[PDB]
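Each position in the first sequence, counted from 1, maps to that position plus 1 in the authors' numbering. First comes the structure, then the notes that go with it.
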Amino acid sequence: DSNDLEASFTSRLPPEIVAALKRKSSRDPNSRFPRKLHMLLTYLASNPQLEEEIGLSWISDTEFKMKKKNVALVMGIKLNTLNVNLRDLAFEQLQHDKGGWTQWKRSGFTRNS
DNA sequence: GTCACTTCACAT
DNA sequence: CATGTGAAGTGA
Numbered sequence: 002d003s004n005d006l007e008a009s010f011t012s013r014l015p016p017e018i019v020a021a022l023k024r025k026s027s028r029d030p031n032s033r034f035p036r037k038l039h040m041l042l043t044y045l046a047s048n049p050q051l052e053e054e055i056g057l058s059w060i061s062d063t064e065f066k067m068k069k070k071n072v073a074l075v076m077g078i079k080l081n082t083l084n085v086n087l088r089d090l091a092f093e094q095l096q097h098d099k100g101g102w103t104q105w106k107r108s109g110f111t112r113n114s
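Here it is, written out as structure tokens:
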């Protein structure tokens, strides 16, 4: 069931976003992590049901929160990886796992860019 | 040859 | 349980 969970998600998502997320990372900035993540972020804050189901959103305009299990699902990237990226591209974990949720920030990460 | 992730298989 | 390691891929 941890797979079909993927289905409903990717599926109920606009083909463009998906497409985005599917492309391997190149030197192109809107192809590496941050962007890809961030597009979802702001996409979601636009369609609440999904913001709930996936569990990825802005707490403040500087900090945000997610259920890794789930974002790493949408992004087709394993959980392990997803964490590995978060610290590797320097994101700050500022509140240990609180029942699935975590909140984060990154100096360049915010509002819209 | 380099990036920028990815994943594993175990460690902490 | 949640997270991180180092080495070893893979295709931009």
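Idealized CB from N, CA, C, for every residue including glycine.
For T43, the enclosing alpha helix (DSSP H) begins and ends at 34–45.
Every unbroken stretch of the beta strand (DSSP E) spanning 3 or more residues and falling wholly within the segment 9–93 is given here in chain order: 57–59, 65–67. Following the DSSP letters along the chain, one finds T103 inside the beta strand (DSSP E) bounded by residues 103–106. Looking at the backbone, the Cα of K99 and that of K25 are separated by about 31 Å. Linking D29 to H97 through their CA atoms gives a straight-line distance of about 32 Å. For the pair of segments examined, the segment 84–92 was found not to touch the segment 53–61: the number of CB pairs separated by less than 8 Å stays below three. The C-alpha of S12 lies about 23 Å from the C-alpha of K66.
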